[PDB]
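Reviewing the structure listed below.
Whatever order the structure lists them in is the order used to number ligands and atoms, beginning at 1. Counting from 1, the numbers follow the sequence of the chain as shown.
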Amino acid sequence: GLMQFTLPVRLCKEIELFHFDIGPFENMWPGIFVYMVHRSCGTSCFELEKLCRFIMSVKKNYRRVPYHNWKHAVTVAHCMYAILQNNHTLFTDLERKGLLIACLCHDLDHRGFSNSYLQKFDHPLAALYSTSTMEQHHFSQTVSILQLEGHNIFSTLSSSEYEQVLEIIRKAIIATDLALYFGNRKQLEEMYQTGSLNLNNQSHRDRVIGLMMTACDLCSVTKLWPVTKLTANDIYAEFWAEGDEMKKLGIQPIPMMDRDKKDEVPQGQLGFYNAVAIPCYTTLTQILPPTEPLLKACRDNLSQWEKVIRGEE
Ligand SMILES: Cn1nc(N2CCCC2)nc1CCc1nc2ccc(Cl)cn2n1
Ligand SMILES: [Mg+2]
Ligand SMILES: [Zn+2]
């Protein structure tokens, strides 16, 4: 009840910044998350004993893959924390509650393969969910864990507040299907520029939350350069393993997943920053001015990748 979580001074200060790295001590990640819920939401959003039991079941259902692991989960939740704390009064009691959980749960039981690889392998998940395959599985795993005895952190909500919060978490998790990102942003650009964007329009919040979700999911590109660069090794470790598996089915993988095309990584990062991350953080800054630090840092890292190509590192 009167049980604040506190962090060492350096973590206490740095956690509030967009570029914060959660560090290499796994055992502090849960306490970092609870810290972030208590400051974001109030110390009374969730029964501490239920929250902790949920956090630990969530952790157990993330796998030891190089990128799409428990650390990615908490990184993506911290980005959302920084977005929520920098746009205090724009978000409902329920959105604050639901979006940090959506971020923690957004890649539950990921196997380190793309929606594409499930379909080409003919994985049962691909028969059961024809589009946003892994993303529907992720939401599906979230409801499973919420239904385990002692785990329902939403128990104090009304029947209707519950349905609202599970629907935010659903759309929020679906939104991290990057195939949907491109449409969603183009619509948000058009809407902001013609002046039609209305944050009381519930279909408009939906799109805006969808973009935050993409922005949090890609926050690897908004980190200090050594973090950005070492995270990229993990990303390519998954993608190249998928390319190996693609070749095993008798299929040329796309260049991004071919480990023979290591040499072209820097140029691949360029394409990705220009085609995906920069637009993402641009549109987000227009719509939510105080997120500008994610854009600035994204640009900085693009400039670091240009330096790599020019043999200056
Ligand atoms: C588009 N593309 N093409 C290539 N290659 C062609 C041949 C060499 C590389 N590499 C890429 C981007 C790879 C990437 N994906 C992600 C996903 C999420 C985040 Cl947070 C960062 N990244 N960085
Ligand atoms: Mg995902
Ligand atoms: Zn993710």
Residues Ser155 and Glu47: side-chain donor-acceptor under 3.5 angstrom: no

Residue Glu264 vicinity, atoms of ligand 1 by number, heavy atom under 4.0 Å: 7 (C), 8 (C)

Numbering as shown, the atoms of ligand 1 that approach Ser220 to under 4.0 Å (heavy-atom distance): 20 (Cl)

Element-labelled atoms of ligand 1 that are located less than 4.0 Å from some non-hydrogen atom of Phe239: 15 (N)

Residue and atom name of the nearest protein heavy atom (relative to atom 5 (N) of ligand 1), distance in Å to one decimal: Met256 CA, 3.5 Å

Protein contact to atom 9 (C) of ligand 1 [nearest heavy atom, distance to 0.1 Å]: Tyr236 OH, 3.6 Å

Within the 6.0 Å centroid threshold, strictly below: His110 and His137: no

SG-CG distance between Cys216 and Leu84, expressed to the nearest 0.5 angstrom: 7.5 Å

Option of least heavy-atom distance to atom 21 (C) of ligand 1 (set: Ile235, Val76, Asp234): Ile235

Atom indices of ligand 1, in the order listed, that fall short of 4.0 Å to a heavy atom of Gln269: 12 (C), 13 (C), 14 (C), 23 (N)

Residue, atom name and distance, where the atom is the protein heavy atom closest to atom 17 (C) of ligand 1: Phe272 CZ, 3.8 Å

CA sep, side-chain torsions, deciding dist, call: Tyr281, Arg299, side chain to side chain donor-acceptor pair (under 3.5 Å): CA-CA 10 Å; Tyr281 292 118; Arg299 284 199 178 290; over 6 Å; no

Element-labelled atoms of ligand 1 that are located less than 4.0 Å from some non-hydrogen atom of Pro255: 6 (C), 7 (C)

Side chain to side chain donor-acceptor pair (under 3.5 Å) between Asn301 and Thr228, worked out: CA-CA 8 Å; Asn301 282 318; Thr228 295; 3.1 Å; yes

Ring geometry between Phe121 and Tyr117 (parallel below 30°, tilted from 30 to 60°, perpendicular above 60°): tilted

Which residue and heavy atom of the protein sit nearest atom 2 (N) of ligand 1, plus the separation: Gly268 O, 3.6 Å

Atom name of the N, O or S atom in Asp107 that lies nearest to the Mg ion (ligand 2): OD1

Parallel, tilted or perpendicular: rings of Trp70 and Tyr62 (30°, 60°): tilted

Separation between NE2 of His68 and CZ of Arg111, rounded to the nearest 0.5 Å: 13.5 Å

Heteroatom N/O/S of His72 within less than 2.8 Å of the Zn ion (ligand 3): yes

Per-atom contacts of ligand 1 with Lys261, taking only distances under 4.0 Å to non-hydrogen atoms: 7 (C), 8 (C)

Working for side chain to side chain donor-acceptor pair (under 3.5 Å), residues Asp300 and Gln304: CA-CA 6 Å; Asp300 275 341; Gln304 287 303 302; over 6 Å; no

Atom name of the N, O or S atom in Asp217 that lies nearest to the Zn ion (ligand 3): OD1

Interatomic spacing from CD1 in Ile168 to CD in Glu95 - rounded to 0.5 Å: 5.5 Å

Opening angle at the Zn ion (ligand 3) [NE2, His106; OD2, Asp107; to 10 degrees]: 90°

